[PDB]
Amino acid sequence: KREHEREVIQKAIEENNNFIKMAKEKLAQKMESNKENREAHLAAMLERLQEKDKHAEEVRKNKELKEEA
Amino acid sequence: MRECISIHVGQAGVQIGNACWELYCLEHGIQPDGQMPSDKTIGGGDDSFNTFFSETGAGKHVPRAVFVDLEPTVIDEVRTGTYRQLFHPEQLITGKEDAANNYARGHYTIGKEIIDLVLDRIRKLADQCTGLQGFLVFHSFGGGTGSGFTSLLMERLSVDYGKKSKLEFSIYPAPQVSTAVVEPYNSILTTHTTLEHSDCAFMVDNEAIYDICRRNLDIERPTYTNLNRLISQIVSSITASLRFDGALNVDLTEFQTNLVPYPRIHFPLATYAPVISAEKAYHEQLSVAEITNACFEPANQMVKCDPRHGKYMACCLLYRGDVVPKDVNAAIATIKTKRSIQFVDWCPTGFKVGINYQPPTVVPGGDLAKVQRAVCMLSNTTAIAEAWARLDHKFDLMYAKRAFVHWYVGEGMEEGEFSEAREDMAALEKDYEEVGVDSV
Amino acid sequence: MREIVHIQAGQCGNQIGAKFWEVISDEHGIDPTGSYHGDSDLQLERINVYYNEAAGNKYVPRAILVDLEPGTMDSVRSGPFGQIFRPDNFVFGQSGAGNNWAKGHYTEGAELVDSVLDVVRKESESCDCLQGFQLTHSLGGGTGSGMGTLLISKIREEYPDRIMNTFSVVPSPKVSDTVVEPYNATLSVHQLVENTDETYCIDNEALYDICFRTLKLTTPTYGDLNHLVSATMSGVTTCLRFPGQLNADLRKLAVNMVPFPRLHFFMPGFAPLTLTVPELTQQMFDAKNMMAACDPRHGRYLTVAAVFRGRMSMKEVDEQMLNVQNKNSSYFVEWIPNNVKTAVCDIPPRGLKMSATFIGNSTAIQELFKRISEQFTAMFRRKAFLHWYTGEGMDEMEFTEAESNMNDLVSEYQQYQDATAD
Ligand SMILES: Nc1nc2c(ncn2[C@@H]2O[C@H](COP(=O)(O)OP(=O)(O)OP(=O)(O)O)[C@@H](O)[C@H]2O)c(=O)[nH]1
Ligand SMILES: Nc1nc2c(ncn2[C@@H]2O[C@H](COP(=O)(O)OP(=O)(O)O)[C@@H](O)[C@H]2O)c(=O)[nH]1
Ligand SMILES: [Ca+2]
Ligand SMILES: [Mg+2]
Ligand SMILES: [Mg+2]
């Protein structure tokens, strides 16, 4: 009975610690995923705005080429 | 010892906090500067009010509270207001930009910039406590800070304080005063995310409070001040247990044992009586039996639902003021014989009752009459599930077309968190069905 | 403070922006020097949203005035309040655009853009907490529409996570004869669908029709059209400019109003056009009070904001807005609950004791996009006046993509108009 008393208190401490560990890990995986995802969407936004500057080069070029006929 | 720390988040949490702390100050004879003449121990003590108030050497009584918002304007009004002297500036924490009614911004994008600082200031209050009992967390379901920052904080609080108790007061959205179309989304996400981290949550349906102000106080178009004045009486009823003592006083944690039969089933329905104008209170003694009866009128409930069509798993009655046991017994006798009160079969008994002798208080220039005696009932009914069904329905109508989802995705969320939150709420609606079915 | 940076581009853009600044400067009680000479504190509580401080307690519009035509800069400077603006914020070209979009967007606009940008940054870097940008412009001319959009892309690149809000003046044959306007409007819309968060469609068609048909004005000037526009602009920015709950910043507004990122083009509405609350309310939902020339009854509202100004009963407002949604349930999509929000500001505008401003995201806005599309497809089919644009470096393909992106947008509004709760 003395060793069952030890087990029960060991089990409580273990579940409590576990709950803290899992919450700590769930949280930090969520903050990482969220950061990749957000950054990724900002990246794509900027790449698209780039390709606009590369079309506007290729337009202003197109013009100085037909303006030597 | 037995301290509680209150954390007030977002506009709703903050404004409700003001209302509560003013009420607590009047109840204890605390002045706006924090001085309390009747308190003869200076710099400290272990009196019942010290569960909520610390004391400085200079005889100041200071709320054990933190107020947090992602935007400064609501908290600036506490900083420059009637009660500015009461708080230490570092208990009033603000950012520059809000969550914009977006859970994702409160939980991640803006919230992550300020969470470490918030936990710090909380830590400084915990360290002043000889035997911390827990947290009381006040917030809206619908705002971005209220929803997303609160759930981040609850998560982090589980990490830094283990399983130290965390109780919530949550404002459930209503169309008359709502400020955002996506409130259903924020509601489901924060509820899903907070569910494992909270020991007990009292929902306040803004529509229900709104109605009570209109019906029982003849207020044509209630403001947040009308509502918060009412809410704070309910909160005061609940906390009075802790801030006072008396022979027949019964502690909030004892009610809790009875209110939560299962960790997920932790949402009690509150009801409060009497709510009456001065004009109608004049020459009207509301007896113990009358205020008790009022507890079982669904229109005095703070969440709209119908307990008459559900089953009770607990009834707790918190009487305050001029109440004695003989009258309570008679009152409850009457109700048992003449009302629809069906208990589940695994809870044969039943009702639990306490009395706080300290009389109810009202704020000057309020709409509430001052009464000799009052009661708050906390019951655990399966009917509170109706509140979730309605939200869940609003959620599904939008989610099916992904309306507004791109605002959340652009801040880093995935559709998988929406469906996961919603699944968790389906399960919770199922859990409230299962508890109510009879045993074999 | 949550600051907004204003940018007016072109003739339309500068006319209306000046009007806007006169109007609200009056509402906040500040004169053309820049001094507060007013009665109440409501006026200065959120004045930082639009005004910088200088010492000598001066208030300076956080505003940037832009045109390829040098003249418009003088008319502005001479106008009332012309001297309240910051002189370094005036940024003029010399050439002028002559209603060619590709000049504003791809060549002569591109030369000038960098120096507008310099002003924007300067203004952005003083901001405690920038919320974003609002641009006033037309889609028919060539500077306001073409350089206007280039700015939008350019700003969106340096400030991707800020809100980008346009007041875009849509073109009407009834107001301007300039045969090439449906090209500039289509190419602008192509840009706007991709790069703004919210755009108020201020339609010259409807401003004419209200001026002719309602106001009894036989031939109306810009000064009359714009009298409506300034009333509107003041109205839709009331929530940003005074204390309040609903839509108090550009982002909360985008979040309430834009359920799908591309579907961000609004019908504004105003009443009275020149009352009791039930009259204001019925009028503001009338097709005839709509600053875009669409009939709400030909589509469904995805979302709506509604703002009342004046001393009135809030109970009365609440009942009336309930009443309108009930009697008109069919014209609000059912799968977005509580999609109509209402605000009440005690401060009425000038000259009115009470007004109502409306902001709808209705699927009937495809009527406006279809009208342009018809006009545009009249030309492009018989490749008319195209040489003005191939001239400055463009390919035809781009004209096509701008076309099928605007038809795509029309069919998306249709698609959500047709959708049911099951
Ligand atoms: N009962 C009550 N409800 C309030 C109060 N203030 C706001 N609300 C409600 O709270 C919800 C909106 O969330 P807020 O608390 O304003 O938002 P927030 O927490 O500040 O989040 P953001 O402003 O988005 O950063 C809506 O349901 C409002 O009706 C208040 O003082 N009392
Ligand atoms: N409502 C309104 N529309 C205008 C005003 N000025 C010009 N417009 C319209 O704007 C379009 C021409 O653009 P404008 O600003 O003059 O061209 P830009 O200056 O070269 O960009 C036409 O369709 C005009 O009818 C104005 O003051 N008010
Ligand atoms: Ca003491
Ligand atoms: Mg807020
Ligand atoms: Mg021009």
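- Method information in the entry identifies X-ray crystallography as the source of the structure, with 2.5000 Å recorded as the resolution.

Here's the deal with the sheet that holds strand β5 (residues 90–92) of chain C
The strands making up a sheet associate through backbone hydrogen bonding, with each pair oriented either parallel or antiparallel.
Residues and elements named next belong to chain C.
Piece 1. With mixed pairing, the ten strands of this open sheet are ordered in space as β5-β4-β1-β6-β7-β8-β9-β12-β10-β11. In this open sheet, the two edge strands, each paired with only one partner strand, are β5 and β11 (340–345). With strand direction ignored, the average angle separating the axes of adjacent strands in the sheet is 20°.
Piece 2. Relative to β5, strand β4 (residues 63–67) is paired through three bridges, and the arrangement is parallel. From the neighbouring strand, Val 66 faces β5, where its bridge partner is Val 91.
Piece 3. Strand contacts of helix α1 (residues 10–27): β1 (4–9), β4, β6 (132–138), β7 (163–170) and β10 (301–310), with the helix running at about 140° to β1, the strand carrying the most contacts.

Details of the interface of chain C and chain B
Piece 1. Counting residues at the interface gives 31 residues for chain C, matched by 26 residues for chain B.
Piece 2. Carbon and sulfur atoms make up 59% of the surface buried where chain C meets chain B, a total of about 2600 Å² over both sides.
Piece 3. Three residues stand out in chain C for area buried against chain B, namely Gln245(C), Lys252(C) and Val255(C), and they jointly supply 21% of the buried area on that side.
Piece 4. Between chain C and chain B we count five salt bridges in total.
Piece 5. With a shortest N-O distance of 3.5 Å, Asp128(C) and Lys96(B) are connected by a salt bridge.
Piece 6. Contributions of two or more residues to the side of chain C that touches chain B are made by α10 (250–257) and α12 (314–327) of chain C.
Piece 7. Top element by residues in the side of chain C that touches chain B is α10(C). It accounts for five residues.
Piece 8. Class assignment for the residues of the side of chain C that touches chain B results in 15 nonpolar, six polar and ten charged.

Considerations on the site of ligand 1
Piece 1. Inspection of the region around ligand 1 gives 24 residues, with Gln15(B), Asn101(B), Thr145(B), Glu183(B) and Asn206(B) positioned closest.
Piece 2. Around ligand 1 the close residues trace back to chains B and C.
Piece 3. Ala12(B) places a polar main-chain atom, nitrogen or oxygen, 3.0 Å from an oxygen atom of ligand 1.
Piece 4. Contact between ligand 1 and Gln15(B): an oxygen atom at 2.8 Å from a side-chain N or O atom of the residue.
Piece 5. Breaking the shell around ligand 1 down by element, the ones donating at least two residues are α1 (10–28), α5 (144–161) and α8 (224–243) of chain B.
Piece 6. Sorting elements by how many residues they give to the shell around ligand 1 places α1(B) first, with four residues.
Piece 7. Classifying every residue of the shell around ligand 1 gives seven nonpolar, 13 polar and four charged.

Remarks on helix α15 (residues 396–417) of chain C
Residues and elements named next belong to chain C.
Piece 1. Taking 1.5 Å per residue as the helical rise, α15 with its 22 residues ought to reach 32 Å, and the 32 Å between its terminal C-alpha atoms agrees with that figure.
Piece 2. The complete set of buried residues in α15 reads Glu 398, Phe 399, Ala 402, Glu 403, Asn 405, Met 406, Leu 409, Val 410, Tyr 413, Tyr 416 and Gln 417. Projected down its long axis, α15 carries its buried residues within an arc of 165°, all on one side.
Piece 3. For α15, the N-terminal capping position is held by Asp 395, with its side-chain oxygen 2.8 Å away from the main-chain nitrogen of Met 397.

Some remarks on the pattern of salt bridges
Piece 1. Following the criterion strictly, the structure yields 53 salt bridges over all chains and no others.
Piece 2. Residues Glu97(B) and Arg2(C) are paired through a salt bridge, measuring 3.7 Å at the closest nitrogen-oxygen approach. Placement of the pair is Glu97(B) in the loop between β5 (92–94) and α3 (103–109) and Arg2(C) in the segment before β1, with the two residues belonging to separate chains.
Piece 3. Residue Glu97(B) is classed as buried on the basis of its relative accessible area of 13%.
Piece 4. Relative accessible area serves as the criterion here: at 16%, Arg2(C) is assigned to the buried category.
Piece 5. One salt bridge in this structure joins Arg264(B) and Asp431(B), with 2.9 Å as the shortest N-O distance. Here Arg264(B) is found in the loop between α9 (252–259) and β9 (269–273), whereas its partner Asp431(B) is found in helix α15 (residues 415–434), with 167 residues between them in sequence.
Piece 6. The class for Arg264(B) is partly exposed, based on a relative accessible area of 27%.
Piece 7. Via salt bridges that share partners, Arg38(A), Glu97(B), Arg105(B), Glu411(B), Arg2(C), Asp161(C), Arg162(C) and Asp249(C) belong to a single interconnected network.

Let's talk about the domain arrangement of chain C
Residues and elements named next belong to chain C.
Piece 1. By domain assignment, chain C separates into domain 1 (1–259), domain 2 (260–364) and domain 3 (365–422).
Piece 2. Both sides of the domain 1 and domain 2 interface together cover about 3000 Å² of buried area, and 71% of this is carbon and sulfur.
Piece 3. The three residues of domain 1 that bury the most area against domain 2 are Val 193, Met 257 and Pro 259, which together make up 21% of that side's buried surface.
Piece 4. The tally of links from domain 1 across to domain 2 stands at three salt bridges.
Piece 5. Where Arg 262 meets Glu 194, a salt bridge forms, and the shortest distance between an N and an O atom there is 3.3 Å.
Piece 6. Our enumeration of links across domain 1 and domain 2 arrives at 14 residue pairs in polar contact.
Piece 7. Mapped onto the side of domain 1 that touches domain 2, the elements with two or more residues apiece are α1, α6 (181–195), β8 (198–203), α7 (204–214), α8 (222–236), α9 (238–241) and α10.
Piece 8. The greatest single-element share of the side of domain 1 that touches domain 2, amounting to seven residues, is contributed by α8.
Piece 9. A per-class count over the side of domain 1 that touches domain 2 returns 18 nonpolar, ten polar and eight charged.

Focus on the interface of chain B and chain A
Piece 1. Contacts between the two partners involve 20 residues from chain B and, on the opposite side, 13 residues from chain A.
Piece 2. Both sides of the chain B and chain A interface together cover about 1600 Å² of buried area, and 62% of this is carbon and sulfur.
Piece 3. Of all residues in chain B, the largest losses of buried area upon contact with chain A belong to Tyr108(B), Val159(B) and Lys163(B), amounting jointly to 31% of the total for that side.
Piece 4. Applying the counting rule to chain B against chain A returns two salt bridges.
Piece 5. A salt bridge links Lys30(A) to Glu155(B); the nearest nitrogen and oxygen atoms lie 2.6 Å apart.
Piece 6. Between the two partners, chain B and chain A, sit five residue pairs in polar contact.
Piece 7. Contributing elements (two or more residues each) for the side of chain B that touches chain A: α3 and α5 of chain B.
Piece 8. Sorting elements by how many residues they give to the side of chain B that touches chain A places α5(B) first, with five residues.
Piece 9. Class assignment of the residues belonging to the side of chain B that touches chain A gives a composition of five nonpolar, eight polar and seven charged.

Thoughts on the site of ligand 2
All names here are of chain C.
Piece 1. Among the 19 residues in the neighbourhood of ligand 2, the closest are listed as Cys 12, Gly 144, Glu 181, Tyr 222 and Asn 226.
Piece 2. A distance of 3.1 Å is found between an oxygen atom of ligand 2 and a backbone nitrogen or oxygen belonging to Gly 142.
Piece 3. At 2.9 Å, a side-chain N or O of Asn 204 approaches a nitrogen atom of ligand 2.
Piece 4. For ligand 2, whose accessible area on its own is 580 Å², the fraction buried by protein is 92%.

Parameters and conventions
- Residues numbered from 1 in each chain as written, not as in the entry; some residues may be left out.
- Chains lettered and ligands numbered in written order.
- Part of a larger assembly, values for the part shown.
- Heavy atoms only, no water.
- Pairing = 2+ DSSP bridges.
- Helix = DSSP H or I, 4+ residues; strand = E, 2+ residues; numbered from the N terminus.
- Axes fitted to C-alpha atoms, helices over the stretch in contact; angles between N-to-C directions.
- Contact = heavy atoms within 4.5 Å.
- Buried area = accessible area lost by both parts, 1.4 Å probe.
- Salt bridge = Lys/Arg side-chain N within 4 Å of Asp/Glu carboxyl O.
- Nonpolar A, V, L, I, M, F, W, Y, C, P; charged D, E, K, R; others polar.
- Near = heavy atom within 4 Å.
- Polar contact = N/O pair within 3.5 Å; in protein donor to acceptor, adjacent residues only side chain to side chain.
- Expected span 1.5 Å × (residues − 1).
- Buried < 20%, exposed > 50% of the residue type's maximum accessible area, 1.4 Å probe, protein only.
- Arc of directions from axis to C-beta.
- Domains from an automatic or database assignment.
- Areas by Shrake-Rupley, 256 points an atom, 1.4 Å probe, with all protein chains shown as cover.

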